[PDB]
Structures are given as structure tokens and as C-alpha cells.
Amino acid sequence: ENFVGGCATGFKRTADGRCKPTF
């Protein structure tokens with residue numbers, strides 16, 4: 001129960017961080 005959800009619509013995952021507002 002951790003890979004079923006992540007970032008929001010306006011939130012994108014960073015190739016070096018996490019789920020933040022558009023990269």
C-alpha cells in the first residue's frame with residue numbers, strides 16, 4: 001500500500017526528488 005498512489009494532477013515526480021508541483 002504505497003505504489004497505488006503518488007503525486008496529484010498538478011504534481012509531477014522528479015527524477016531526483018519526489019512528487020512536487022510540476023517537477
# chains A, B, ... in the order shown; residues from 1 in each chain; ligands from 1
call {"tool": "residues_around", "arguments": {"residues": "residue 13 (chain A)", "least_positions_apart": "2", "cutoff": "6 Å", "atoms": "only C-alpha atoms", "output": "VMD selection string"}}
result
chain A and resid 18 to 19 23
call {"tool": "select_by_dssp", "arguments": {"residues": "chain A", "states": "strand (DSSP E or B)", "output": "count of residues only"}}
result
6
call {"tool": "residues_around", "arguments": {"residues": "region 3-11 of chain A", "least_positions_apart": "5", "cutoff": "6 Å", "atoms": "only C-alpha atoms", "output": "list in words"}}
result
residues 19, 20, 21 and 22 of chain A
call {"tool": "write_last_selection", "arguments": {"atoms": "N, CA and C atoms", "output": "PDB file, in the first residue's frame"}}
result
ATOM      1  N   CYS A  19       7.243  13.767  -5.397  1.00  0.00           N
ATOM      2  CA  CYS A  19       6.051  14.336  -6.015  1.00  0.00           C
ATOM      3  C   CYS A  19       5.901  15.811  -5.652  1.00  0.00           C
ATOM      4  N   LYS A  20       6.342  16.682  -6.554  1.00  0.00           N
ATOM      5  CA  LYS A  20       6.263  18.123  -6.335  1.00  0.00           C
ATOM      6  C   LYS A  20       5.491  18.804  -7.463  1.00  0.00           C
ATOM      7  N   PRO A  21       4.914  19.994  -7.199  1.00  0.00           N
ATOM      8  CA  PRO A  21       4.147  20.744  -8.202  1.00  0.00           C
ATOM      9  C   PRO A  21       4.888  20.870  -9.529  1.00  0.00           C
ATOM     10  N   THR A  22       4.531  20.014 -10.483  1.00  0.00           N
ATOM     11  CA  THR A  22       5.152  20.021 -11.803  1.00  0.00           C
ATOM     12  C   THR A  22       6.676  19.992 -11.705  1.00  0.00           C
TER      13      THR A  22
END
